[PDB]
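For reference, the structure is listed below as structure tokens.
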4 protein chains.
Amino acid sequence: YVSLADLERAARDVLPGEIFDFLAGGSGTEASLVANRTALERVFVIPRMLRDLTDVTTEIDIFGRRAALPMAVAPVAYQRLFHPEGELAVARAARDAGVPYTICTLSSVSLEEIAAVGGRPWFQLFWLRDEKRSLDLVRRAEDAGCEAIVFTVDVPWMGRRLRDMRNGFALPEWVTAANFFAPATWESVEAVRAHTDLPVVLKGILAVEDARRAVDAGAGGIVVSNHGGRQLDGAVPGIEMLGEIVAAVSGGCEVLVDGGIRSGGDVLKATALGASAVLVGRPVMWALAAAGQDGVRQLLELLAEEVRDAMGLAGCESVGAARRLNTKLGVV
Amino acid sequence: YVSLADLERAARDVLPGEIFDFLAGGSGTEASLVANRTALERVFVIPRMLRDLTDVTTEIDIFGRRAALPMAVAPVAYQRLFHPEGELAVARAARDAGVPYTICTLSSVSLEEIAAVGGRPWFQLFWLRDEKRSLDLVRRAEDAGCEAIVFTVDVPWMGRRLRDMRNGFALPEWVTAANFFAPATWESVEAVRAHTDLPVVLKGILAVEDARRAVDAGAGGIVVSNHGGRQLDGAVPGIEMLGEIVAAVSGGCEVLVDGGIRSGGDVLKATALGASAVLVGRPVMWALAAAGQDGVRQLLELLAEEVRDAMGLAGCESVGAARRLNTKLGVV
Amino acid sequence: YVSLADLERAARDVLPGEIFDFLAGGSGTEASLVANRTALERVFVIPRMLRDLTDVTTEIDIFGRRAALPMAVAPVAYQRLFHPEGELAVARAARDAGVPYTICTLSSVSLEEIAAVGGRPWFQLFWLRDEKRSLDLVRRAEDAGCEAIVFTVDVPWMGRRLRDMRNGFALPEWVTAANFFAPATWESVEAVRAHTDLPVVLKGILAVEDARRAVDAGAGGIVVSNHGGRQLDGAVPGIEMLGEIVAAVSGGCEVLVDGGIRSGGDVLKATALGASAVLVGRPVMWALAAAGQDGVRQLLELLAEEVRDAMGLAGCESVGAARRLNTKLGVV
Amino acid sequence: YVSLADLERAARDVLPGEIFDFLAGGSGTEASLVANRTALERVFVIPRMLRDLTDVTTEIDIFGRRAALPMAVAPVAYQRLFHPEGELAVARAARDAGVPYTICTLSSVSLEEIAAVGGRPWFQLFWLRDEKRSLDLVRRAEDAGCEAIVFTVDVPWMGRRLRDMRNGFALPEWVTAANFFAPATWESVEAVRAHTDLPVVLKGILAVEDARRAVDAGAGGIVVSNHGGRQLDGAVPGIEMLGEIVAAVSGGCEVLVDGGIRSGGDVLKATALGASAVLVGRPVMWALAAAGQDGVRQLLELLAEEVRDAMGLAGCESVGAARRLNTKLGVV
Ligand SMILES: Cc1cc2cc3c(=O)[nH]c(=O)nc-3n(C[C@H](O)[C@H](O)[C@H](O)COP(=O)(O)O)c2cc1C
Ligand SMILES: Cc1cc2cc3c(=O)[nH]c(=O)nc-3n(C[C@H](O)[C@H](O)[C@H](O)COP(=O)(O)O)c2cc1C
Ligand SMILES: Cc1cc2cc3c(=O)[nH]c(=O)nc-3n(C[C@H](O)[C@H](O)[C@H](O)COP(=O)(O)O)c2cc1C
Ligand SMILES: Cc1cc2cc3c(=O)[nH]c(=O)nc-3n(C[C@H](O)[C@H](O)[C@H](O)COP(=O)(O)O)c2cc1C
């Protein structure tokens with residue numbers, strides 16, 4: 001594999017069509033799904049030359065741990081849909097690559113099993129039917145050694161997935177929500193923040209004022225995201241809000257972005273727009289479908305190579321230097 | 001049906017080609033017809049998160065009546081072209097959905113029959129050969145219980161419909177103008193305003209100064225519209241003028257928009273640009289052609305579901321909150 | 001024929017391919033040829049409603065004569081390539097339509113014969129090998145009753161016509177320059193201006209400062225034009241410079257535009273951007289090729305109908321009112 | 001051949017696919033390779049009319065020598081891949097056309113042999129494993145009569161060439177680096193500047209501050225360039241940075257540009273954006289592949305004709321006048 005698109009082609013060959021569509025699809029007309037890619041394609045980096053590249057490092061410190069790249073595996077539900085080892089395969093490869101893995105509330109293997117793999121596990125939370133149950137789930141994740149709570153804030157309910165409707169898609173009997181909802185509010189965020197000393201990261205922020213409120217609420221981070229185009233069809237891409245959000249929070253929390261990251265060059269664009277790190281979703285599942293744990297390992301090695309290549313070609317010996325690069329919009 | 005495009009495909013299968021073209025077509029090169037869609041596709045919504053969605057409501061109050069959605073059925077002529085029950089089927093489904101139905105001056109069933117269906121009937125007026133006849137038609141609509149006069153102001157004459165020319169299209173003998181023209185001016189508007197206490201809504205306004213003059217003239221509303229691309233070929237889409245018009249009238253009348261609304265997400269975009277409500281034309285006729293009254297019912301139920309979905313995903317418990325959303329133009 | 005594109009299709013069917021290419025082609029990569037169309041397609045008109053249309057007139061006064069439309073036939077060389085009656089057929093139809101006809105220096109029938117047809121003949125000048133010969137040609141045109149000298153200023157030499165090169169195109173023996181060059185300068189313009197009391201119109205102006213200098217030089221008009229994309233490949237379309245040029249000359253001369261006008265709606269866009277009138281080139285030759293004089297008559301009747309339709313739908317009872325319309329750029 | 005695209009078609013017919021891909025390809029997704037062309041296509045020139053064209057000259061003075069055109073042959077490695085005479089064929093044709101030829105550090109014929117052809121040889125430097133070896137290579141070039149050192153500053157290492165990976169491309173045994181690396185820094189530039197009195201030209205500058213630093217460092221020129229899209233995938237095209245860079249250096253060094261120049265009209269656009277000269281890479285190799293030295297001669301004669309044509313049509317009797325032309329961005 002020499003590009004992430006090689007992995008997409010391999011996953012399409014192996015997966016049943018309805019499972020490929022569950023993974024690939026977005027809500028509605030898929031306008032936001034497509035716009036995540038268009039938005040990245042219109043950004044161009046202005047590289048710097050002739051800087052010292054003696055010790056180029058792709059590492060970052062985030063949520064109290066060193067990560068090998070400015071990236072984490074996004075929370076993706078039900079990973080046993082894509083390979084029999086599901087989340088365990090992905091978490092093992094992420095651990096070995098030094099990349100944080102986000103355990104999903106809707107994981108097909110229990111959070112405690114995935115956490116036992118080791119590595120840097122984060123836990124993605126959906127707000128449950130009441131406060132008490134929600135907080136018990138946070139406390140399970142904390143007791144199991146998860147290092148951040150990624151509270152998803154853009155799913156009062158799941159969006160309208162027309163591919164799933166048209167396919168009549170349902171989980172096979174052999175895939176379940178192994179950790180087993182009401183809409184979250186700012187009060188829910190405060191209940192979580194008071195229940196844990198782990199950093200709380202709000203995933204799905206797009207409005208500048210919501211990013212500011214997240215800092216005021218005590219969030220340790222946010223993920224600027226339209227949920228991979230799966231939630232509001234017509235929601236702006238996160239990459240189009242990122243620069244304005246980074247300026248508004250002015251260092252008050254970590255600012256991650258996701259949606260459409262498909263190369264180390266896209267990582268570099270995100271960092272040059274001010275992101276602390278990215279999440280990557282679909283490509284990790286393509287690699288899992290294609291070749292299991294070893295597939296995920298190969299993807300992460302490829303992304304690491306692409307990130308180091310892009311950083312050095314742009315004159316950046318560190319991720320901080322990449323955040324100081326300038327960009328220019330172009331017409332594609 | 002899971003999208004309005006499913007209804008278009010079904011209507012194309014059933015209707016004679018020349019009738020499908022009468023419905024689908026625009027004037028000239030169809031530049032304005034296409035631009036209505038392009039313009040909506042370039043708008044992206046910036047959703048809000050973590051707001052209370054305990055009692056999401058899609059209802060609005062407009063022209064003195066509660067409507068179930070921020071939408072009405074646009075005036076479309078000669079609906080018996082599309083199904084034998086024509087306007088009666090559409091009006092019955094609109095009544096049952098709580099959606100206002102605009103009775104056309106060129107209806108193929110008399111306005112009194114359509115009004116007897118009940119619901120929230122509005123009446124669309126074309127200015128007749130003289131003032132006296134025009135006002136008699138307004139008074140018929142008022143006597144029959146219509147609740148607003150939608151005065152169409154962009155048809156001094158019908159535009160050049162090249163599909164109809166090329167097809168040699170003419171009304172079948174079994175379709176007539178069952179209520180049975182000179183160009184309207186501002187004096188015509190004043191004659192109508194003085195003849196009725198019903199709200200007068202000027203449909204087809206695109207210039208900011210014409211919107212301001214409509215308020216000064218005593219209009220209770222305007223529809224920002226290029227007539228679905230059927231009038232001036234090269235007229236700007238209404239959605240591209242909407243924000244500037246909403247700012248200029250500054251609450252002095254209701255501001256509706258139409259042209260190309262094809263989903264609840266498009267309704268949300270229109271409201272976020274400041275519209276009080278939208279009109280929907282062609283899709284309602286696709287549903288009528290496909291399955292009669294029940295088809296229209298299914299379309300309106302689908303639109304209601306899409307509007308509620310889009311509003312809640314964007315953090316809006318009411319249409320007023322959706323009008324306070326911000327948008328960003330993107331490149332598609 | 002219901003659109004100018006119907007005429008293009010008919011001309012393509014009848015003309016030898018190399019003659020069709022002589023007519024259709026531009027210089028180089030044809031970037032400027034294509035951009036003339038793209039530029040018009042991105043302009044949208046903001047129409048006005050409810051104005052008095054009792055006496056809509058498409059007439060203008062220009063260069064001391066009333067014309068039936070804000071348009072003239074552009075100078076196109078060698079019209080016997082397209083039909084045996086060549087320039088005489090076109091000039092007869094233009095006369096009968098009340099539209100000025102521009103006689104070309106490279107006409108295939110002598111200027112005196114074409115002028116004898118009557119109508120409103122203008123004469124297009126290329127600067128000859130010396131001043132004396134050039135001025136004799138101006139004086140021939142004046143003696144024959146031409147009413148303006150359209151001095152072409154963008155042909156120090158003809159551009160690189162790759163279609164003509166690839167086809168090995170040459171004039172058939174039966175087509176000649178029946179009126180029978182050195183590059184023109186501002187001194188040439190002054191020599192022409194002092195030699196005639198006819199208005200001198202500089203055709204091929206694109207720079208704002210050249211438009212201002214044209215007024216200072218005593219020009220009665222300019223044509224804002226890239227020569228139909230046939231001269232500098234990469235020259236900006238005239239329609240993209242028109243508004244800035246109209247503001248800079250501030251009524252000091254007539255400002256015409258050409259390139260890509262293909263409908264009455266395009267005429268309306270040009271006038272709303274400030275043009276006094278347009279020239280139309282290729283479509284007139286399509287009509288000539290398709291059906292001779294009667295073809296040109298049908299084209300001019302179609303354009304007249306489209307111009308009146310577009311003006312009235314936009315609320316304009318006169319061309320002056322159309323020049324006061326506003327426009328908005330869109331994304332096509 | 002009547003366009004550079006004719007040469008591309010001829011080269012594709014003759015070259016082995018993997019060699020054509022080595023020549024054509026870029027890094028990563030080839031976003032920067034494509035953007036070099038898109039960026040030029042969006043620039044339009046505003047030509048001037050009626051200027052004296054008695055003595056149009058395409059010549060420039062650069063780095064102390066008169067060149068026949070505002071262009072040089074870019075450094076392209078391993079030219080024996082494309083024709084058995086390789087660099088000697090290209091250098092002979094460049095000499096006879098009066099165009100500088102840039103000898104590559106990775107040439108397949110030694111720099112002394114290529115310099116013995118005569119003409120205006122420049123030498124492109126890659127920084128070697130240490131300072132001493134690097135400077136010996138500079139001194140070889142100087143001793144052999146090269147007239148400028150074109151220090152490539154955008155290759156700390158070669159980018160990721162996915163076509164070469166997919167083809168498994170490697171140099172044939174019959175092609176070697178006949179002059180036989182560590183990443184360059186500003187200290188390397190100063191070591192070169194102190195080692196030679198030849199002008200040092202930094203090739204691969206895209207950031208405005210790097211252009212300013214190049215002047216401060218004593219560079220005699222820069223080439224604004226993304227390395228033909230072969231280095232950072234997502235690097236901005238040089239043509240999009242050129243105007244801002246020309247303003248920032250404000251005459252302190254020569255400012256060249258490359259990437260995607262495919263006609264004399266593209267040369268004119270580059271000069272109107274402020275370039276002193278362009279480099280041309282791939283097209284020169286297409287001509288070499290197609291027909292050897294004579295092919296390169298024909299390409300250079302064609303480019304000379306196109307440059308003179310474009311300059312005169314734009315009203316420019318000299319390259320300096322072309323640098324004073326204005327441009328407008330369009331939508332393609
Ligand atoms: C099949 C699928 C399931 C989920 C389930 C979840 C989830 O239960 N909680 C959550 O918080 N985010 C989810 N997501 C979004 C994900 O975390 C990233 O936001 C996007 O995948 C980033 O875009 P890509 O890298 O995929 O373009 C999903 C994405 C995909 C594709
Ligand atoms: C076949 C057809 C007939 C009419 C007749 C009328 C009319 O006698 N009076 C009027 O005032 N508007 C009309 N219209 C315009 C309509 O009311 C809406 O303005 C557009 O349909 C909105 O765009 P879509 O939702 O269709 O995109 C029509 C639209 C269509 C398609
Ligand atoms: C075959 C052909 C010959 C000529 C010869 C001349 C000419 O000897 N003198 C001149 O001054 N303009 C010319 N022109 C340009 C013309 O007058 C208009 O500038 C463009 O035709 C407007 O664009 P279209 O309406 O064609 O798009 C020509 C245009 C075409 C197509
Ligand atoms: C096969 C190939 C090899 C090299 C090797 C070198 C090199 O060892 N040093 C250098 O400094 N630049 C190089 N280049 C870039 C070149 O010098 C120009 O920057 C681009 O070719 C301009 O774009 P095009 O005219 O090709 O679009 C190359 C370009 C191509 C195509």
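Identifiers for the structure tokens are assigned positionally: chains receive A, B, ... in sequence, residues are indexed from 1 per chain, and ligands are indexed from 1 in the order shown.
For residue D:286, the residues within 7 Å (counting only C-alpha atoms, excluding itself and residues fewer than 3 positions away along the chain) are residues 7, 8, 11, 282, 283, 289 and 290 of chain D.
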- Message: Let me see if you get this right: every residue at most 6 Å from ligand 1, counting only C-alpha atoms and all ligand atoms, written as a PyMOL selection string.
- Response: chain A and resi 22-23+74-77+104+106+152+227-228+258-261+280-282
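Close contacts of stretch 114-121 of chain C, defined as residues with an atom at most 8 Å away when counting only C-alpha atoms, with chain neighbours fewer than 6 positions off set aside, comprise residues 65, 87, 88, 91, 92, 94, 95, 96, 98, 99, 100, 101, 102, 103, 144, 145, 146, 147 and 148 of chain C.
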Per-residue nearest contacts of stretch 39-152 of chain B to stretch 31-47 of chain A (10 Å; only C-alpha atoms) as JSON lines:
{"residue": "B:41", "atom": "CA", "partner": "A:31", "partner_atom": "CA", "distance": 7.8}
{"residue": "B:42", "atom": "CA", "partner": "A:31", "partner_atom": "CA", "distance": 9.6}
{"residue": "B:44", "atom": "CA", "partner": "A:32", "partner_atom": "CA", "distance": 8.4}
- Message: I need the residues of stretch 166-271 of chain B that end up classed as strand (DSSP E) by DSSP on the backbone, written out as a list in words.
- Response: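 Filtering stretch 166-271 of chain B to strand (DSSP E) leaves residues 200, 201, 202, 203, 204, 205, 221, 222, 223, 224, 254, 255, 256 and 257 of chain B.
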- Long-range neighbours of stretch 57-62 of chain D as number ranges by chain, 9 Å cut-off, only C-alpha atoms, 4 positions minimum in chain: D: 66-70, 254, 276-277, 304, 307-308, 311, 316-320
Next, write the just-selected residues to a file, as a JSON list (two decimals), in the first residue's frame, keeping N, CA, C and O atoms as the atom set.
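Saved to result-v4.json:
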[["chain", "number", "residue", "atom", "x", "y", "z"],
["D", 66, "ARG", "N", 22.85, 38.43, -22.11],
["D", 66, "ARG", "CA", 21.62, 38.63, -22.86],
["D", 66, "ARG", "C", 21.09, 37.25, -23.18],
["D", 66, "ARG", "O", 21.85, 36.36, -23.55],
["D", 67, "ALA", "N", 19.79, 37.02, -22.96],
["D", 67, "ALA", "CA", 19.10, 35.81, -23.37],
["D", 67, "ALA", "C", 18.06, 36.18, -24.43],
["D", 67, "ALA", "O", 17.48, 37.27, -24.37],
["D", 68, "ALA", "N", 17.79, 35.27, -25.36],
["D", 68, "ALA", "CA", 16.93, 35.58, -26.50],
["D", 68, "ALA", "C", 15.46, 35.67, -26.12],
["D", 68, "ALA", "O", 14.69, 36.28, -26.87],
["D", 69, "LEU", "N", 15.06, 35.05, -25.01],
["D", 69, "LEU", "CA", 13.69, 34.97, -24.51],
["D", 69, "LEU", "C", 13.78, 35.08, -23.00],
["D", 69, "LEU", "O", 14.81, 34.77, -22.42],
["D", 70, "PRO", "N", 12.69, 35.44, -22.34],
["D", 70, "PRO", "CA", 12.68, 35.42, -20.85],
["D", 70, "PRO", "C", 12.42, 34.01, -20.33],
["D", 70, "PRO", "O", 11.43, 33.73, -19.62],
["D", 254, "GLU", "N", 16.64, 38.95, -9.01],
["D", 254, "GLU", "CA", 15.77, 38.49, -10.10],
["D", 254, "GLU", "C", 14.78, 37.48, -9.53],
["D", 254, "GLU", "O", 15.13, 36.67, -8.66],
["D", 276, "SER", "N", 10.91, 37.86, -13.82],
["D", 276, "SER", "CA", 12.01, 38.26, -14.70],
["D", 276, "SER", "C", 12.13, 37.30, -15.88],
["D", 276, "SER", "O", 12.56, 37.68, -16.99],
["D", 277, "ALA", "N", 11.81, 36.03, -15.66],
["D", 277, "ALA", "CA", 11.96, 34.95, -16.62],
["D", 277, "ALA", "C", 11.27, 33.74, -16.04],
["D", 277, "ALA", "O", 10.97, 33.68, -14.83],
["D", 304, "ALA", "N", 9.48, 30.75, -29.02],
["D", 304, "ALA", "CA", 9.84, 32.10, -29.38],
["D", 304, "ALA", "C", 8.75, 32.76, -30.20],
["D", 304, "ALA", "O", 8.45, 33.95, -30.00],
["D", 307, "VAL", "N", 5.87, 33.63, -27.83],
["D", 307, "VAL", "CA", 6.16, 34.74, -26.93],
["D", 307, "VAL", "C", 6.08, 36.06, -27.69],
["D", 307, "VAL", "O", 5.50, 37.05, -27.20],
["D", 308, "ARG", "N", 6.68, 36.11, -28.88],
["D", 308, "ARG", "CA", 6.60, 37.34, -29.65],
["D", 308, "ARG", "C", 5.16, 37.67, -30.01],
["D", 308, "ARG", "O", 4.76, 38.84, -29.94],
["D", 311, "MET", "N", 3.35, 38.91, -26.79],
["D", 311, "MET", "CA", 3.80, 40.23, -26.39],
["D", 311, "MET", "C", 3.24, 41.30, -27.28],
["D", 311, "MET", "O", 2.75, 42.33, -26.81],
["D", 316, "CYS", "N", 3.21, 45.05, -26.11],
["D", 316, "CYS", "CA", 4.51, 45.12, -25.41],
["D", 316, "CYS", "C", 5.66, 44.98, -26.38],
["D", 316, "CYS", "O", 5.86, 43.90, -26.95],
["D", 317, "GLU", "N", 6.46, 46.04, -26.50],
["D", 317, "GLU", "CA", 7.62, 45.98, -27.38],
["D", 317, "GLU", "C", 8.81, 45.38, -26.66],
["D", 317, "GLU", "O", 9.82, 45.07, -27.31],
["D", 318, "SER", "N", 8.74, 45.20, -25.35],
["D", 318, "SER", "CA", 9.85, 44.64, -24.58],
["D", 318, "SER", "C", 9.28, 43.85, -23.41],
["D", 318, "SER", "O", 8.10, 43.99, -23.02],
["D", 319, "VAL", "N", 10.13, 43.01, -22.82],
["D", 319, "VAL", "CA", 9.73, 42.23, -21.65],
["D", 319, "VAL", "C", 9.42, 43.15, -20.48],
["D", 319, "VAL", "O", 8.50, 42.90, -19.69],
["D", 320, "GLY", "N", 10.14, 44.26, -20.36],
["D", 320, "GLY", "CA", 9.84, 45.20, -19.28],
["D", 320, "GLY", "C", 8.42, 45.73, -19.39],
["D", 320, "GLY", "O", 7.70, 45.87, -18.39]]
- Query: Any idea what's packed within 7 Å of stretch 174-177 of chain C, counting only C-alpha atoms, ignoring anything in its chain fewer than 3 positions away? Could you give it as a PyMOL selection string?
  - Reply: chain C and resi 78+80-81+106-108+171+180
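Of note, atom CA of residue C:246 and atom CA of residue D:50 are spaced 20.1 Å apart.
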- Task: Name the residues of stretch 194-257 of chain D that come out as helix (DSSP H, G or I) in a backbone DSSP run; write them as an NGL selection string.
- Result: :D and (194-195 or 208-216 or 227-229 or 238-249)
